[PDB]
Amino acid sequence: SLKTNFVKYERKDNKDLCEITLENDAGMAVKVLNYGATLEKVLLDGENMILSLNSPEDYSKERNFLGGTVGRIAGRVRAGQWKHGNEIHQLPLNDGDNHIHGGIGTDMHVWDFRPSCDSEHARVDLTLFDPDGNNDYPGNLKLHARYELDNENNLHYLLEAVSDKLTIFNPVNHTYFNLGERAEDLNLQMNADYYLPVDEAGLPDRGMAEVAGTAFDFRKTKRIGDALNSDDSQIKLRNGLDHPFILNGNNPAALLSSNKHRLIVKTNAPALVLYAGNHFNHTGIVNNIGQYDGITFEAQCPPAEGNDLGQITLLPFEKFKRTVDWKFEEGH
């Protein structure tokens, strides 16, 4: 049967930290932490399809992002500045001259949760209240995340939010995928004809450039390591992939594959930000993960070159809705 359960493993911020398991009748078990509404593991016949830390306890010892619901804004904001009309709002500069990842972001907070299931799905709904002014963002914000598993081995991620003030909001699920192997060795096809080259600060500075003729061309199936180990100046600059790709609208958004498994990625986001875990090195808390072991498909609106953030602006009471679907299937 489709079923759910959870176990409490710790306390943080006067709240319980739990590990929630969703199971189906098709060989899949999904593990979620209410800490950061974090996707911890995706087990297909016992094999983990994503990067995970050594233990659930490890996730809250420091900020390592993997699996997390990162907000209020995932990625960078130039000079931490948001201009609307003749007004500019200043966000905290936690990334040198810029702002990144919401400051002390939502991936670091303990969310409330509620598991449920029916004849078609096993799911967990998570909620978080973030007060007006937290990390200098305007608006009381209510966030709702759902991870929902069906019998077709599709894991659906839904992230909804509402603010009571004009604000900016562009969160992302920060899961790294490896299909039980290493992302460097995996094949990728992606329906994106353009990417955003970035500057030394890691932000776009000239809008879209064609992927054609560059390391970023995944229009035809290509080994990820071919891009990572190329002499491409943008790859060298960011020590691997660390780049927004602008989707062309054809389905699926991305298809990641090994000889044994395939992952089909779909989303209502306009972009995928691909980061190949360029900084991992088998040390510290994350000693079980090395460089290029996993790759994100961060489904969000792309980071912007400057203070025009119209795309990610929410009116008071406007419903934000992000969907991502990760479908796991058998290889060729």
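All residue numbers refer to positions in the sequence shown, first residue = 1.
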TODO: Decide which of the stretches 190-198 and 212-220 has the higher mean C-alpha B-factor, going by the entry.
DONE: 212-220
Task: Mean temperature factor over C-alpha atoms, higher-scoring stretch between 254-262 and 241-249 - done: 254-262
Task: Residue with maximal Cα B-factor (values as given in the PDB entry) among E160, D112, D164, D97 - done: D97
Open item on the list: Looking at the C-alpha B-factor values in the deposited entry, which of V70, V32, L44, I50 comes out highest?
Closed with: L44
Task: Assigned third (lowest, middle, highest) for the C-alpha B factor of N135 - done: middle
- [ ] Would you please rank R63 by its C-alpha temperature factor against the other modelled residues of its chain and give the third it falls in: lowest, middle or highest?
- [x] lowest
Task: B-factor third for the C-alpha atom of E298 within its chain - done: lowest
Task: CA B-factor ranking of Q311, expressed as a third of its chain - done: highest
- [ ] Comparing against every modelled residue in the chain, figure out the third that the C-alpha B-factor of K327 lands in (lowest, middle or highest).
- [x] middle
